[PDB]
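Peer 1: Structure incoming, see below.
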Amino acid sequence: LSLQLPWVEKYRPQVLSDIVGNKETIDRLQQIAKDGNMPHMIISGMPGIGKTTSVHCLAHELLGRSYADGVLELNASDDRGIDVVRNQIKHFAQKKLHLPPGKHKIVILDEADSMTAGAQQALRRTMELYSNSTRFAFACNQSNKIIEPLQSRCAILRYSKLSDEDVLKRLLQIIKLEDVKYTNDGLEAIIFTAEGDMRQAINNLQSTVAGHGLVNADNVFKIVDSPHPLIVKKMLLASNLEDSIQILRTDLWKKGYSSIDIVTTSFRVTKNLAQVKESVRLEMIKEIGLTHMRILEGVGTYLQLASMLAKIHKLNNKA
Amino acid sequence: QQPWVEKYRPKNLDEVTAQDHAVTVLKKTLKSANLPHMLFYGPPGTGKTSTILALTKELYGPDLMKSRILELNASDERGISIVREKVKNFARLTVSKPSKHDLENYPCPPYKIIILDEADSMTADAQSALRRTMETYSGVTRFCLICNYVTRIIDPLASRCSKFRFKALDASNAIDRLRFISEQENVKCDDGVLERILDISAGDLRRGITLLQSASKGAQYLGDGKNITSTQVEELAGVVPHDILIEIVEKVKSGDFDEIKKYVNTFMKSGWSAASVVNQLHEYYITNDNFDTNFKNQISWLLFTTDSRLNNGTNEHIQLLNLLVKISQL
Amino acid sequence: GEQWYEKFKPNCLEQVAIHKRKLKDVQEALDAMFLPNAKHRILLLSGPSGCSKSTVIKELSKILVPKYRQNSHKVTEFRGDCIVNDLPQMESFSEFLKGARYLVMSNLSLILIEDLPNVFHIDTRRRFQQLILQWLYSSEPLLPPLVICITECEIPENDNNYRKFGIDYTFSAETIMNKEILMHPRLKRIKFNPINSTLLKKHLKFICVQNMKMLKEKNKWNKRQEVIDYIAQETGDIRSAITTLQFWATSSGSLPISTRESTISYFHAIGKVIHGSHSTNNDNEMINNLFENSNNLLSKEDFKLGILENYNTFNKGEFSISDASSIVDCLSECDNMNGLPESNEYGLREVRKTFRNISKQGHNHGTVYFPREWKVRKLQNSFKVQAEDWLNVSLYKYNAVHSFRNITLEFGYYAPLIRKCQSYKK
Amino acid sequence: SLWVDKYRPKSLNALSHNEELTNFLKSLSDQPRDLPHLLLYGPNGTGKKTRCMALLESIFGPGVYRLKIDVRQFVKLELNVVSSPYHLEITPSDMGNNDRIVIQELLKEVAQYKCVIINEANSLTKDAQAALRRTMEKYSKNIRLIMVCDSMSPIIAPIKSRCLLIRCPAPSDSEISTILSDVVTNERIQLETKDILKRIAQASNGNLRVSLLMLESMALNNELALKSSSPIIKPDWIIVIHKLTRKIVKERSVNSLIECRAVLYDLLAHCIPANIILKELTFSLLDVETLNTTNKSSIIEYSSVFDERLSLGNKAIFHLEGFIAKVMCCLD
Amino acid sequence: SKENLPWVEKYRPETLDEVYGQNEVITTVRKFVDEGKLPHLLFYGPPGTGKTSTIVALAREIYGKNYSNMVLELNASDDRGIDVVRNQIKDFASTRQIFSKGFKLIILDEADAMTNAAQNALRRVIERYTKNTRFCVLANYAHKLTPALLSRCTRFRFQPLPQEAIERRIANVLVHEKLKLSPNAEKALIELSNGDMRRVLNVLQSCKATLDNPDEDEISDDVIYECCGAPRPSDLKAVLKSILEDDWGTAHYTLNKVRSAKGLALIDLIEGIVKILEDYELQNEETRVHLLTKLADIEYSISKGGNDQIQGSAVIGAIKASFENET
Amino acid sequence: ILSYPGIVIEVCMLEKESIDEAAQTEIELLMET
DNA sequence: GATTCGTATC
DNA sequence: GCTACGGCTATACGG
DNA sequence: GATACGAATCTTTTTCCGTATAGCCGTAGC
Ligand SMILES: Nc1ncnc2c1ncn2[C@@H]1O[C@H](COP(=O)(O)OP(=O)(O)OP(O)(O)=S)[C@@H](O)[C@H]1O
Ligand SMILES: Nc1ncnc2c1ncn2[C@@H]1O[C@H](COP(=O)(O)OP(=O)(O)OP(O)(O)=S)[C@@H](O)[C@H]1O
Ligand SMILES: Nc1ncnc2c1ncn2[C@@H]1O[C@H](COP(=O)(O)OP(=O)(O)OP(O)(O)=S)[C@@H](O)[C@H]1O
Ligand SMILES: Nc1ncnc2c1ncn2[C@@H]1O[C@H](COP(=O)(O)OP(=O)(O)OP(O)(O)=S)[C@@H](O)[C@H]1O
Ligand SMILES: Nc1ncnc2c1ncn2[C@@H]1O[C@H](COP(=O)(O)OP(=O)(O)O)[C@@H](O)[C@H]1O
Ligand SMILES: [Mg+2]
Ligand SMILES: [Mg+2]
Ligand SMILES: [Mg+2]
Ligand SMILES: [Mg+2]
């Protein structure tokens, strides 16, 4: 008895105009739609920044009425092997579909980073023979997964993290189109917890409005939780050992985070850290590795994490 | 015939000694039918397999045992496929209908027991498939996981299964059982004997029974008819004699590297084990009141590190020489 | 109305973006392989992606095949997408090679194999290896020339359980062709290098001068030089460079210019870890980029062995012994972490930090080498065979068993000096 | 043919170098029925395998020293098997890591007081021992395993608990010299003095096998004769290790480290175990009189740390090179 | 036949009102289901927090009498590879409703132990069939999940059960079993469970078994400690005092007495000492580092086996050495 | 399905959700021929 | 990426 | 008697 | 004639057994 689409799906962009963030790339996509000479593209970026939606919108605005038989949206959910590339993709590309001037079929190979090597090798061959009628539109979170021979003939349009202003603009549009009572601090908290993920921000706003009504900082933070990569950074950069121990025991242990997650997030933060010496960074990485080994062997306990923090503080503050 | 360890294996739950808590829980749940999933753990040779076999034979009986009990151990394959197919299919199977004799002379609980002995050697990938398997098939099947290290058992499985710990069989726990075995086997021992046997076989009774059997066989072959002395079971086990230990200590006191190396070479020529000499050195150094607190702390840490290195499977000669040099330079 | 890598395609041999020496050696090899004598039967071209490894074969065949053909022009590229009805996919290449051998006189045509069959599958891979092996050892008096352009590329991370290795890491010729084919006297492996900046700039300028009206219309003809220089300096791929230039020219705005990122080679990565990168002076950024772009190369145990065998190249090996001790100690510590990514990060960060505090200007460096482990394992296998034979002959003569450890340590050495030294006397 | 095999004892009474151990073996053989699982631990060259053979002959009468060599196959792990009447040989050396499956199959085939001898049990991996800890306990009515190992340290606690610990001390100098005298009496070499036998014993470090082999080598070199100043024919790898020790204590540089690495690679190619290579390098370094006590203590500490690291590691070259670098830094 | 069940399986909540502790999650999902629309949920937290008893109760309350044909449950006990995800989940989430009852819930318990390829193939199934199918993800380890999968999944964190909820559940179990529990024994159960209902239920079942008369006898703290072989606070405090104050011989004697008279394991004593040492002054920062590092090393060594006497001596020496940085 | 009163085979099948709206429209258009 | 040799050209 | 079909089988692929 | 530039070189390589089924062969029957 629901019949109600999620806010993620409800206000999904259908035009290349309401897609917020990456102004230059969106303008380039608009120019492509205006002209029609779409080159092969490999969109890369973090999850939930409009990569798939941009491809679908440009396909809709290029094919237009011919969208029914002009686009072949393949995905990881569908079977993507050498056989499927050699038959279904080959027949779709080989199909002689009449199109408006300067229009080409768009094979939307979404989640192309999960495709098999042989499938990509067959994609090389099929793209070498069928690129005057079809233009593949890859969409992956990492361009390195697509083989370099494929990237040779495909233009690269890497997407960047959505800023706190474009996300705010789209969130305000959703609020106005939905008539939801908001608070400035609430929207700031939503943006903060989004971490540049527009879909996550939409989901958080929907959960907040559906569970608590008014969207303020208190109601947002009583359902959504502060990002743990930030508490991990706070505890790793703590000058005093007691402060880090408390930050761990109260915000990652009693909060309900596994030790292995705490170790992996610590390693990632140390990899992407700043204002720390290289020797200190490598010593912290070594300590995190020793702790990770201890966790994997089966000794996963708060004591091991406390020992890791003690070692890090010892190597930071010396003897 | 049979080894004394297998000859005196506890057949019923009333023969398992010093594991009072777990055995009394099993005996009380024998009357009822609410036995939960069990996670038996403890030191090696503490009576886990014997206890589970006794409970199995008491609950169902010899005829119903084959049809209502499945046993898997490290001797057989226990991978993810095995857990997914064999264990799941066995648990799904309806419990066999007991015969009239079985119902008359046995409790015949409506559940069945899957015994996964030596579960600490099972990979974490295969331990994740048991989680729901031991939960949805809970009213028709029971699970008994036996291991020596609980750390090798994943947290979900440890939470699902009841935590029964088997105590280490020291000289105040299995002494009654050892005396019973000696009396039944007609073994003559001096006063104080079987206590050194339990101490050397620390946290284990099978080693103690083996030592007792070997000492009895040696005494029988000698033909003197005299009682077994403590030094006999000490040498038979592999304990370094006290004179060799005190010579090692004296060489350590004289901090000459060459003399220590030569005497360590001679000791390794003698063929003794590094673990036994390290344990005896610990017993000598920690107990001796002449040493001060700082020296005792440092030597305790050094012995801990040496034992940790030895357990990894390293060369005994190098570790022993390094330990003795460290003790000398302390 | 089409991609600029087409249309503006090479029409003669001069337009081909290839170095003079590479062109001359390829032409010499082709001319030697078209003679009635068959000293070389196959030409194993190899190199990175888009390094003019395909556009030169057609141009050569334009002025070579017709000259030596009979009277009574192009290539015969193998199509890996043709699914024949009554033909298994493994048998597709078998039929291709068994029907391409009839092109000798009045039908001469070069056989080009660029799109290899699914060599990631073991069965068809070994079937292809056998098929090309039969080609080299064929008793056929006359066979047409054959070229296999194996485009080397770093195979990314995959969910395959084991499926051995080699082809799951790289798509090089050694991972497809076996050692027997590579060392065959009739195989000539002419490797290719990334296109130099000079030829890239020349061809980009040719493309720009062939279409300048839109360039000046979009106020880009005056900014053309910087774009060409950046494109030719960032990538060595001609097709990718042309695509990026087309994308920039057709665009109307301020979109930053981006191109495909090349994968760092094994020796290149070792040099970067040991010496550093001139582009980036930040060790953390360089290490993070190296791990993100190429993690399939830094995860193999060969790279740690590579560092162990090549860190003695800094200042020809005149660095302090303490630095070497620290490097080897940290390498052993990483080996003692059962391949965790943290160990892989630490074993390179420590080396780079150690080789940074001792970086001295005006110090010549030596050359590197692949780790000497394959030779050691082959020698160990030979010693295994020797010990097995000695223990076999030992048990057959007399009933005495000897452990392999003692054979390696005591028996192996004394066995000659005992048995053969008493053979002298007999 | 070989003198070690020529003068190998074939019975418990023929053994005349342990005495007390021989009496204990007689005590064990007095009641062959109740035979516990036996684990012999002692220095290499003691004669533990010969003692096992003699004990099996005592239990199973004559014909134990028979040699029924055959070839088996496991899944293609085609390990060779040395069969004998109530005696089977399993060597963990021929199957490293993958030993669990083959030992399981062999044990279950033998089960069908049959004795299976598994020498050098230290080479058994933690998985094969995990299978054996239950294989021995379960089928302890139709098979009795007897395992001989140099040191029972890498043996898991359950296996040592289920088995019986028997120590085999290395031969003493006087008795091994007596054995050498018996050898030279049976095959006359016309020794100038008996002191050369004592020096050979001192150069064997309690290894009777080494003493017999070097005695035969020296006799062959001196044309079936012996000399007071006859050279000691030590194994080649020991000489290489001594040369490496001299290089380490002489050239303290990075190029010298590369030369040491090349020497270590040659030693590894000679299929010499890495742990024993590290041990011999350490003990040869400690024998240098130039180095002081602090240097030797640092050497032994580094040796302990790096042998632990090698035990907990896959590639052996790293640990050996690290130990060499650490000792080289300590020297200067 | 429910009496012939373990207390961890016959006390499983059947309705959302019996899932204590996770009040915020229960209220939020109740608001979602009352307002019709239910977002794709993802339940995360420590084991035994009620991540399955909540989703099954929610499914029962949504699809009354239709929990069978509307809910598809897949766990780690069954294969969840590429083929399974691409066939079974797709067929279930691609078909129309049985009686137009709503959306088709898909419970994926223990989704952390899933291959990344399956986790990436599931994302498009989740997004392309969200109109008539809502996915629920149960996982104890968040690092095992693809970040995109986390992005397209509303995250609910099942924190460890608070003391009040466990006390209420213990009271319900006592009422249902006609049992008596001392308040000190209840607090010992709270500290032993450390946020886990199954541990409390198992310990209560073992205590009831351990009692000679499960009806007229009360479960005391001594029973709660004897049934699990856990160290009492008194012995832990005595061990800590002996190690911190008395000399090396008397401390070792006290440690041996404590670990022998009750059979207490050394790792349990180490954990107790660690807990008792957290709320300590320890002004010097080096004492904390020494304590944590040495105790972690000893715990790691114990996890691999060894000589218990040597490990206990190591514990004593480590604690003494760490507390020498105090003065 | 029907072939003692023979054998009766009673089967039931669910219908796919039919995501595409034009799919039904194009099927209807095709059925007009 | 570093070294050595090698043409080719302004 | 030959057919059209049920069962057998060699097998390219599967995971 | 000096110098930036570019090529060669610095490299090693291992498996699923089973199975639903398209074509073939024996055969129940009209
Ligand atoms: N720039 C944007 N403007 C408006 N909505 C956006 C934007 N980026 C993402 N969204 C929302 O995100 C949801 C789906 O975004 P997607 O494009 O599917 O995510 P994505 O960028 O493709 O990342 P992945 O790899 O597919 S998880 C929809 O609800 C969109 O409305
Ligand atoms: N509590 C006990 N009472 C009597 N005999 C015992 C007891 N515990 C162990 N034993 C003896 O130990 C032998 C069997 O012990 P097991 O239960 O097989 O060993 P364990 O407890 O499983 O430890 P393992 O084998 O390392 S898993 C028999 O000789 C028993 O008599
Ligand atoms: N001046 C040029 N030089 C080379 N290629 C050119 C040039 N102008 C256009 N091209 C095109 O760029 C492409 C380069 O082709 P090649 O590099 O020879 O093929 P390739 O090396 O096999 O690429 P891979 O390995 O399949 S990614 C072809 O499509 C050419 O038509
Ligand atoms: N809030 C609660 N109130 C009462 N009993 C609970 C509660 N949470 C869990 N339980 C009990 O604990 C048992 C196990 O909890 P489950 O929800 O089935 O598993 P889980 O909590 O999701 O932990 P994992 O991660 O699946 S091992 C249930 O069957 C209940 O008996
Ligand atoms: N009592 C003995 N008298 C003479 N030789 C002996 C005696 N014991 C052992 N040996 C010699 O030892 C050799 C075998 O040693 P081995 O069993 O390999 O030692 P280990 O078991 O330490 O490897 C035989 O060649 C034999 O000549
Ligand atoms: Mg998407
Ligand atoms: Mg057992
Ligand atoms: Mg090409
Ligand atoms: Mg659950």
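How things are named: the first chain in the structure tokens is A, the next is B, and so on; residues count from 1 in each chain; ligands count from 1 in the order shown.
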List as number ranges by chain the protein and nucleic acid residues near residue 12 in chain E, meaning an atom at most 10 Å away when only C-alpha atoms (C1' of nucleotides) are counted, but skip any in the same chain fewer than 2 places from it.
Peer 2: E: 7-10, 14-15, 18-19, 50, 52-54, 57, 197-198
Peer 1: Near residue 317 in chain D, counting only C-alpha atoms (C1' of nucleotides), which residues have an atom at most 8 Å away, once you skip same-chain residues fewer than 2 positions from it, shown as a PyMOL selection string?
Peer 2: chain D and resi 261+264-265+315+319-321
Peer 1: When you look at residue 98 in chain D with a cut-off of 10 Å (counting only C-alpha atoms (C1' of nucleotides)), what residues show up, excluding the ones that are within fewer than 6 positions of it in the same chain? I need them as a list in words.
Peer 2: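 Contacts, in chain order: residues 77, 92, 124, 125, 127 and 128 of chain D.
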Peer 1: Once you have the residues from the selection above, write them out as a PDB file, in the first residue's frame, restricted to N, CA and C atoms.
Peer 2:
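What ended up in part.pdb:
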```pdb
ATOM      1  N   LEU D  77      50.030 -35.074  -7.342  1.00  0.00           N
ATOM      2  CA  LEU D  77      51.108 -35.250  -6.370  1.00  0.00           C
ATOM      3  C   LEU D  77      51.471 -36.733  -6.311  1.00  0.00           C
ATOM      4  N   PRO D  92      57.947 -35.483   4.856  1.00  0.00           N
ATOM      5  CA  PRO D  92      57.280 -34.202   4.599  1.00  0.00           C
ATOM      6  C   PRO D  92      58.070 -33.308   3.634  1.00  0.00           C
ATOM      7  N   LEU D 124      56.535 -30.754   8.653  1.00  0.00           N
ATOM      8  CA  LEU D 124      55.089 -30.825   8.500  1.00  0.00           C
ATOM      9  C   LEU D 124      54.462 -29.458   8.744  1.00  0.00           C
ATOM     10  N   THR D 125      53.556 -29.062   7.855  1.00  0.00           N
ATOM     11  CA  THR D 125      52.869 -27.790   8.004  1.00  0.00           C
ATOM     12  C   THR D 125      51.800 -27.881   9.091  1.00  0.00           C
ATOM     13  N   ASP D 127      48.710 -27.492   8.869  1.00  0.00           N
ATOM     14  CA  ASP D 127      47.482 -28.139   8.419  1.00  0.00           C
ATOM     15  C   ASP D 127      47.604 -29.660   8.477  1.00  0.00           C
ATOM     16  N   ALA D 128      48.742 -30.192   8.022  1.00  0.00           N
ATOM     17  CA  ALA D 128      48.975 -31.629   8.116  1.00  0.00           C
ATOM     18  C   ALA D 128      48.991 -32.085   9.567  1.00  0.00           C
TER      19      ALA D 128
END
```
Peer 1: Can you tell me which residues come within 6 Å of ligand 3 when counting only C-alpha atoms (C1' of nucleotides) and all ligand atoms, ideally as a list in words?
Peer 2: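 For ligand 3, the residues inside 6 Å are residues 149 and 152 of chain A; 5, 6, 8, 9, 10, 15, 16, 17, 49, 50, 51, 52, 53, 54, 55, 151, 203, 238 and 239 of chain C.
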Peer 1: Can you tell me which residues sit at most 7 Å away from ligand 7, counting only C-alpha atoms (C1' of nucleotides) and all ligand atoms, written as a ChimeraX atom specification?
Peer 2: /B:45,48-49,117-118
Peer 1: For range 113-120 of chain D, work out the shell of residues within 9 Å, counting only C-alpha atoms (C1' of nucleotides) and skipping chain neighbours fewer than 5 positions away, then give it as an MDAnalysis selection string.
Peer 2: (chainID C and resid 403 405) or (chainID D and resid 32:35 49 52 56 85:93 107 140:151)
Peer 1: Given the selection you just returned, output its residues as a file containing N, CA, C and O atoms, formatted as a short mmCIF file (atom, residue, chain, number, x, y, z; two decimals), in the first residue's frame.
Peer 2:
```
data_model
loop_
_atom_site.label_atom_id
_atom_site.label_comp_id
_atom_site.auth_asym_id
_atom_site.auth_seq_id
_atom_site.Cartn_x
_atom_site.Cartn_y
_atom_site.Cartn_z
N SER C 403 67.39 -38.83 4.38
CA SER C 403 66.48 -37.69 4.27
C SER C 403 67.02 -36.66 3.28
O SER C 403 68.23 -36.50 3.13
N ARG C 405 67.03 -33.48 3.48
CA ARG C 405 67.83 -32.46 4.14
C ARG C 405 69.29 -32.89 4.25
O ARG C 405 70.21 -32.12 3.94
N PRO D 32 54.99 -55.36 22.77
CA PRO D 32 54.68 -54.69 21.50
C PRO D 32 53.22 -54.29 21.34
O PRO D 32 52.93 -53.41 20.52
N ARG D 33 52.30 -54.90 22.08
CA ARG D 33 50.88 -54.61 21.94
C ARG D 33 50.57 -53.16 22.30
O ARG D 33 50.07 -52.40 21.47
N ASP D 34 50.86 -52.77 23.54
CA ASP D 34 50.57 -51.41 24.02
C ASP D 34 51.72 -50.47 23.68
O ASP D 34 52.46 -49.99 24.54
N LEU D 35 51.87 -50.20 22.39
CA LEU D 35 52.89 -49.29 21.90
C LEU D 35 52.30 -47.90 21.69
O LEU D 35 51.46 -47.71 20.81
N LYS D 49 66.84 -42.65 13.22
CA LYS D 49 66.23 -43.52 12.21
C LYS D 49 66.69 -44.96 12.38
O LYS D 49 65.89 -45.90 12.27
N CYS D 52 64.83 -46.36 15.29
CA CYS D 52 63.47 -46.73 14.91
C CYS D 52 63.45 -48.05 14.15
O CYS D 52 62.59 -48.90 14.38
N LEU D 56 61.62 -51.46 15.37
CA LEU D 56 60.65 -52.15 14.53
C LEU D 56 61.05 -53.60 14.30
O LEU D 56 60.20 -54.50 14.29
N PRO D 85 57.89 -54.44 5.47
CA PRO D 85 56.99 -55.22 6.32
C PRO D 85 56.69 -54.53 7.64
O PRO D 85 57.58 -54.35 8.47
N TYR D 86 55.43 -54.14 7.83
CA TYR D 86 54.98 -53.40 9.01
C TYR D 86 55.83 -52.14 9.23
O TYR D 86 56.18 -51.77 10.35
N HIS D 87 56.15 -51.47 8.12
CA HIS D 87 56.95 -50.26 8.16
C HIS D 87 56.77 -49.44 6.88
O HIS D 87 57.04 -49.93 5.78
N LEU D 88 56.31 -48.20 7.02
CA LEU D 88 56.12 -47.31 5.88
C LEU D 88 56.82 -45.99 6.15
O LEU D 88 56.85 -45.50 7.29
N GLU D 89 57.39 -45.41 5.10
CA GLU D 89 58.16 -44.17 5.19
C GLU D 89 57.38 -43.02 4.58
O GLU D 89 56.88 -43.14 3.45
N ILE D 90 57.26 -41.92 5.32
CA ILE D 90 56.66 -40.69 4.82
C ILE D 90 57.64 -39.56 5.07
O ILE D 90 58.02 -39.30 6.22
N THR D 91 58.04 -38.84 4.01
CA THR D 91 58.94 -37.67 4.21
C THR D 91 58.19 -36.38 3.88
O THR D 91 57.86 -36.17 2.70
N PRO D 92 57.95 -35.48 4.86
CA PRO D 92 57.28 -34.20 4.60
C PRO D 92 58.07 -33.31 3.63
O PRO D 92 57.50 -32.38 3.11
N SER D 93 59.36 -33.60 3.44
CA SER D 93 60.20 -32.80 2.51
C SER D 93 59.65 -32.90 1.08
O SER D 93 59.64 -31.87 0.39
N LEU D 107 47.62 -42.31 5.47
CA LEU D 107 47.18 -42.82 6.76
C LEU D 107 45.90 -43.64 6.62
O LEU D 107 45.77 -44.71 7.23
N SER D 140 43.58 -45.24 16.56
CA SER D 140 44.67 -45.75 17.38
C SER D 140 44.41 -47.19 17.83
O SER D 140 44.54 -47.53 19.01
N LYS D 141 44.05 -48.04 16.88
CA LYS D 141 43.86 -49.46 17.16
C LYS D 141 44.48 -50.30 16.04
O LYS D 141 44.68 -51.50 16.20
N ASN D 142 44.79 -49.66 14.91
CA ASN D 142 45.30 -50.37 13.74
C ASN D 142 46.54 -49.71 13.16
O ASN D 142 47.10 -50.21 12.17
N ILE D 143 47.00 -48.61 13.75
CA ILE D 143 48.22 -47.95 13.28
C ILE D 143 48.88 -47.21 14.43
O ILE D 143 48.21 -46.64 15.30
N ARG D 144 50.21 -47.22 14.45
CA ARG D 144 51.01 -46.54 15.47
C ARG D 144 52.08 -45.73 14.77
O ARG D 144 53.04 -46.29 14.22
N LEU D 145 51.93 -44.41 14.77
CA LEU D 145 52.89 -43.54 14.11
C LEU D 145 54.12 -43.31 14.98
O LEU D 145 54.01 -43.08 16.19
N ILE D 146 55.29 -43.38 14.36
CA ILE D 146 56.56 -43.07 15.01
C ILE D 146 57.24 -41.98 14.19
O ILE D 146 57.57 -42.20 13.02
N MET D 147 57.45 -40.82 14.80
CA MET D 147 57.97 -39.65 14.11
C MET D 147 59.30 -39.24 14.74
O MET D 147 59.42 -39.19 15.96
N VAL D 148 60.28 -38.96 13.89
CA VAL D 148 61.60 -38.51 14.32
C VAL D 148 61.83 -37.11 13.79
O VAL D 148 61.69 -36.85 12.59
N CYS D 149 62.20 -36.19 14.69
CA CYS D 149 62.42 -34.80 14.33
C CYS D 149 63.63 -34.28 15.08
O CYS D 149 63.94 -34.78 16.17
N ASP D 150 64.32 -33.30 14.50
CA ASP D 150 65.49 -32.72 15.16
C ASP D 150 65.10 -31.95 16.42
O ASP D 150 65.71 -32.11 17.48
N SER D 151 64.07 -31.11 16.31
CA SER D 151 63.58 -30.32 17.43
C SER D 151 62.07 -30.22 17.35
O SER D 151 61.52 -29.85 16.31
#
```
Peer 1: Considering only helix (DSSP H, G or I) as DSSP defines it on the backbone, what residues of range 116-151 of chain B qualify? List them as a PyMOL selection string.
Peer 2: chain B and resi 119-121+124-127+130-136+150-151
Peer 1: Only C-alpha atoms, please: the residues just picked out, written as a tab-separated table (two decimals), in the first residue's frame.
Peer 2:
```tsv
chain	number	residue	atom	x	y	z
B	119	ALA	CA	36.73	-25.94	14.69
B	120	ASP	CA	39.60	-23.49	15.26
B	121	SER	CA	41.19	-24.77	12.02
B	124	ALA	CA	36.42	-17.61	8.57
B	125	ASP	CA	34.81	-17.93	5.12
B	126	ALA	CA	33.34	-21.34	6.05
B	127	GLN	CA	32.42	-20.12	9.55
B	130	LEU	CA	27.14	-21.68	9.84
B	131	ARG	CA	25.53	-18.54	11.31
B	132	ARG	CA	22.00	-18.90	9.93
B	133	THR	CA	22.46	-22.68	9.59
B	134	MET	CA	22.68	-23.05	13.38
B	135	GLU	CA	19.83	-20.58	13.87
B	136	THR	CA	16.95	-21.48	11.54
B	150	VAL	CA	38.31	-19.19	20.75
B	151	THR	CA	40.10	-16.37	18.90
```
Peer 1: Can you list every residue in range 118-291 of chain D that DSSP puts in strand (DSSP E), as a ChimeraX atom specification?
Peer 2: /D:118-119,143-149,164-167
Peer 1: Residues of chain C no more than 6 Å from chain A, counting only C-alpha atoms: send them over as a PyMOL selection string.
Peer 2: chain C and resi 49+81+118+156+240+255+342+346
Peer 1: Enumerate as number ranges by chain the residues within 7 Å of ligand 5, counting only C-alpha atoms (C1' of nucleotides) and all ligand atoms.
Peer 2: C: 402; D: 4-9, 14-18, 42-51, 179, 208-209
Peer 1: Name each residue within 12 Å of ligand 6, counting only C-alpha atoms (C1' of nucleotides) and all ligand atoms, as JSON, numbers by chain.
Peer 2: {"A": [8, 9, 12, 43, 44, 45, 46, 47, 48, 49, 50, 51, 52, 53, 54, 55, 56, 73, 74, 75, 76, 77, 108, 109, 110, 111, 112, 138, 139, 140, 141, 199], "E": [120, 121, 122, 123, 124, 125, 126, 127, 128, 148, 149, 151, 152]}
Peer 1: For a quick check of understanding, using only C-alpha atoms and all ligand atoms, which of E:166, E:106, E:276, E:113 has the smallest distance to ligand 4?
Peer 2: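 Smallest distance to ligand 4 is found for E:166.
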Peer 1: Could you list the protein, DNA and RNA residues that have any atom within 7 Å of ligand 2, counting only C-alpha atoms (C1' of nucleotides) and all ligand atoms, and write them as a ChimeraX atom specification?
Peer 2: /B:4-6,8-10,15-19,43-51,118,147-148,174,177,205-206,209 /D:158
Peer 1: If we count only C-alpha atoms (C1' of nucleotides), what is near residue 172 in chain A at a cut-off of 12 Å, once residues fewer than 6 positions away on the same chain are taken out, given as a VMD selection string?
Peer 2: chain A and resid 20 165 to 166 178 to 184 186 to 188 190 to 191 201 to 202 205
Peer 1: Please provide the set of residues having any atom within 12 Å of residue 12 in chain H, restricted to only C-alpha atoms (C1' of nucleotides), with same-chain residues fewer than 3 positions apart removed, written as a list in words.
Peer 2: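 With the cut-off at 12 Å, the set is residues 87, 88, 89, 90, 91, 123 and 124 of chain C; 19, 20 and 21 of chain I.
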